Each structure stands twice: as structure tokens, then as C-alpha cells.
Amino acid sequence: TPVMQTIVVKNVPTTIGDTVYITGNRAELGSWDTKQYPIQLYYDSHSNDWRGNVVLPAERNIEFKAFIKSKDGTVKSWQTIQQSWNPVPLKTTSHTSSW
């Protein structure tokens, strides 16, 4: 059962050319791949954080981490602590964490 969820990450230090993404253990998360299927996050000036929607499998546990990738394809850094959602809720809601 796919369900859309909003992932929110606070305090990411971005610079010109940087884009924030997330990846994790699930195929829907890209399976830790930073090249082809990472999920893009967007800077929301109102809430002042980075967020993005992603369709995830409800009732399944997941592990993920956000990372910064520059325009040239370089991954600059990865979120400090590995995040998790055990399990992904049955309703569309959100998961919040700090860089």
C-alpha cells in the first residue's frame, strides 16, 4: 500500500550549486544510491527547512539519510544520524529530523 509522506530536514548547510536529497534502504528510497534515484528535497522559505514528498510503503520500516550533492555530481556530506520510521504510517503525515 503506497502512501505519500513528507520528509523534513532542518539546519542543512547548503551553498550555491547544492541540492539536498535523501536515500535509504528501500527501493522506493533508491537503496542508498546517490547517483540515479535519490529523492529531491526543497527549501521552504516559510517553515525555513528542507522538505519533499515521497511515496512510501505503509506498514514497512525504513531507514534513510539526507545528503548534499553539488551540481558537478559531488556528494559533499551526509546527515549526521541515520533516521528511521518504524513503520511508515497508514496516513499521509510527516517525519522531521535535523541535519
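In this text, residue numbers run from 1 along the sequence as written.
- On average the C-alpha atoms of 45-53 have higher B-factors than those of the other stretch, with 23-31 and 45-53 being the two compared.
- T1: CA B factor lies in the highest third for its chain, per the PDB record.
- Sort the chain's modelled residues by C-alpha temperature factor and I68 lands in the middle third, per the entry.
- Annotation for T93: CA B-factor lies in the middle third of the chain's modelled residues.
- Among the modelled residues of its chain, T74 has a C-alpha B-factor that falls in the highest third according to the deposited record.
- The deposited CA B-factor of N61 belongs to the middle third of values across its chain.
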